[PDB]
> 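Following this message is one structure expressed as structure tokens.
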Amino acid sequence: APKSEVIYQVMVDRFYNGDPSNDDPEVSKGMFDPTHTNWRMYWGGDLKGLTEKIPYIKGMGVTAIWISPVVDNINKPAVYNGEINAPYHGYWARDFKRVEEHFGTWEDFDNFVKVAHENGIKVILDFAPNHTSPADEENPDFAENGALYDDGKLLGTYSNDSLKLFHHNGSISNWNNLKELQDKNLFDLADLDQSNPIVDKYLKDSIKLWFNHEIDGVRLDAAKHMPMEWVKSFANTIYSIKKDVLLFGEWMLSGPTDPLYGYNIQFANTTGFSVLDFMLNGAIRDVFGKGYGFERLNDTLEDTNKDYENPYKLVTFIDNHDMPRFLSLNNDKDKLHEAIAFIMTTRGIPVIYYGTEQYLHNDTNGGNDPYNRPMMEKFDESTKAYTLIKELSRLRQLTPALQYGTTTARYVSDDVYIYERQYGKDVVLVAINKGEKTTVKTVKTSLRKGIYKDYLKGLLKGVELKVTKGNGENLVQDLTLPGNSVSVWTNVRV
Ligand SMILES: [Ca+2]
Ligand SMILES: [Ca+2]
Ligand SMILES: [Ca+2]
């Protein structure tokens with residue numbers, strides 16, 4: 001009876017500012033914008049603020065918070081074209097053994113973990129061991145020159161790499177060559193050389209430190225840019241210190257025809273890390289955000305379920321901090337609700353990017369980075385999306401069928417998708433109609449004969465199901481699905 005999870009993804013600087021005293025710390029001053037009009041500066045969200053909002057997050061049935069990296073990031077900005085670029089997102093580390101002072105101290109981090117755990121919520125740390133920070137090997141005055149510190153002790157810089165901590169191979173230019181992706185710099189980010197025993201020990205010591213502060217898992221940033229065999233050894237290190245851990249990597253795929261898809265599969269099948277589900281994400285955005293027919297979604301789903309050895313550990317999502325938010329792609333709240341209902345009732349672990357439930361989006365530059373990281377604005381626990389996100393996670397706790405069940409398509413047309421999830425005798429049947437009101441002629445199901453009410457109680461216009469005994473598979477006849485509706489039927493007692 002494995003535990004089912006539901007993840008909430010928080011960019012700390014953009015979520016809630018609970019402490020004004022760390023907005024603009026003396027050691028790293030001048031990268032804070034109180035007005036929230038320069039989108040590349042720190043805006044002030046912090047660990048105290050996130051801790052204060054744990055009840056709000058718990059109210060959605062979230063079981064785990066994926067926190068953006070909270071390791072100490074560079075204390076001087078990367079100035080390009082005179083533009084101040086602050087490491088507000090956390091992906092430009094200077095010290096993997098310290099907490100970022102804009103977000104808090106070790107005590108603030110321990111309190112956050114304490115309160116999360118008291119609420120039944122795991123802490124998943126976004127960890128980015130591929131690189132430190134932007135560097136120019138010929139200009140040590142730019143940013144912090146990729147500096148790596150060990151709990152305040154400087155280990156070296158990109159321009160003076162006495163310990164040979166970094167690759168000095170230029171930047172990635174051939175993005176389909178695996179060796180280039182691993183051994184060169186992602187943009188101007190100083191690439192760490194995990195083959196160096198110094199770097200290898202440092203990163204493994206660092207992750208042990210964070211697990212000493214009782215985190216529950218890791219989201220591995222830039223997983224395609226490190227040697228697969230090193231990542232596997234990193235996973236082994238983690239497994240040796242905590243058995244019940246949630247490990248998944250960000251292996252970006254560009255689309256259905258990504259030449260490296262097979263390495264992504266190998267990674268997910270062998271390293272000990274699962275992966276974020278970019279194949280399914282593309283189909284989700286195609287069919288709910290771009291008008292494609294459900295055959296695309298169901299086809300992608302069937303493919304991923306046979307390619308990955310453990311699809312039940314894929315981490316699914318509709319948007320994130322590296323792509324436009326769903327509402328920037330298609331400002332349709334009904335389509336958003338349908339996509340949420342889909343990932344919540346689909347195998348694996350669904351992710352809600354913070355503020356989705358508040359319909360948060362900024363459409364500047366198409367909603368792309370940085371505008372997909374707006375400040376959280378409201379904490380309204382009565383929105384339709386909040387209610388939806390809180391109800392379906394309850395079904396995940398009542399049956400493994402949603403995270404761990406088989407998937408059987410019962411009806412696939414352009415705008416109607418009826419699929420069935422089964423685990424043991426547990427069955428959940430879901431019908432999504434993203435088009436106009438229509439009547440489906442015949443659907444088979446393994447639900448027993450009877451009348452099933454909509455689990456969502458009409459929240460998304462759902463309707464009852466009249467299942468007749470078929471002898472063999474049971475039958476529904478002449479089912480009328482309202483326009484823009486989701487109906488969820490289950491034999492699991494609620
Ligand atoms: Ca603050
Ligand atoms: Ca810092
Ligand atoms: Ca690398």
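Remember, it's 1-based here, ligands and their atoms both numbered in the order they're listed. Throughout, residue positions are numbered sequentially from 1 according to the sequence presented. Below, all heavy atoms of this structure are taken into account, side chains as well, without hydrogens, waters or symmetry copies.
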> About how large, to 10 degrees, is the angle OD2 of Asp46, then the Ca ion (ligand 1), then O of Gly44?
90°
> With respect to the Ca ion (ligand 3), please indicate if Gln182 possesses an N, O or S atom at a distance under 3.0 Å.
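Checking the Ca ion (ligand 3) against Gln182, an N, O or S atom does fall under 3.0 Å.
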> Kindly report the OD1-the Ca ion (ligand 1)-OD1 angle for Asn17 and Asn22 respectively, rounded to 10°.
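Result: 150°, to 10°.
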> For the Ca ion (ligand 2), what is the closest N, O or S atom on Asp72?
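Answer by atom name: OD1.
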> Looking only at N, O or S atoms, find the one in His225 nearest to the Ca ion (ligand 3) and name it.
O
> Can the ring centres of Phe96 and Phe127 be said to be less than 6.0 Å apart?
yes
> Regarding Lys122 and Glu5, does a basic nitrogen lie under 4.0 Å from an acidic carboxylate oxygen?
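Salt bridge: yes.
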> Please find the N/O/S atom of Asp23 nearest to the Ca ion (ligand 1) and write down its name.
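Closest N, O or S atom of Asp23 to the Ca ion (ligand 1): OD1.
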> With a 4.5 Å limit on heavy-atom distance, are the side chains of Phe248 and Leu220 in contact?
no
> From the N, O or S atoms in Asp19, identify the one nearest to the Ca ion (ligand 1).
O
> Under 3.0 Å from the Ca ion (ligand 2), can any N, O or S atom of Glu100 be found?
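Yes - counting backbone and side chain alike, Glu100 has an N, O or S atom under 3.0 Å.
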> Compute both the distance and the angle, then confirm whether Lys224 meets the cation-pi test with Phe267: under 6.0 Å from the six-membered ring centre, within 45 degrees of the axis.
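No, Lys224 does not lie over the aromatic ring of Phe267.
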> Does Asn130 bring an N, O or S atom to within less than 3.0 Å of the Ca ion (ligand 3)?
yes
> Testing the basics here: between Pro134 and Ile74, what is the closest heavy-atom pair and its distance to 0.1 Å?
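Of all heavy-atom pairs spanning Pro134 and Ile74, the closest is CD-CD1, 4.5 Å.
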> If we ignore angles and hydrogens, is there a donor and acceptor under 3.5 Å between the side chains of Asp307 and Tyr261?
yes
> Is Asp191 close enough to the Ca ion (ligand 3) to have an N, O or S atom under 3.0 Å?
yes
> Is there an N/O/S atom in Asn75 that lies less than 3.0 Å from the Ca ion (ligand 2)?
yes
> Are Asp221 and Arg219 within salt-bridge range, i.e. N to O under 4.0 Å?
yes
> How are the rings of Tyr91 and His89 set to each other: parallel, tilted or perpendicular (split at 30° and 60°)?
parallel
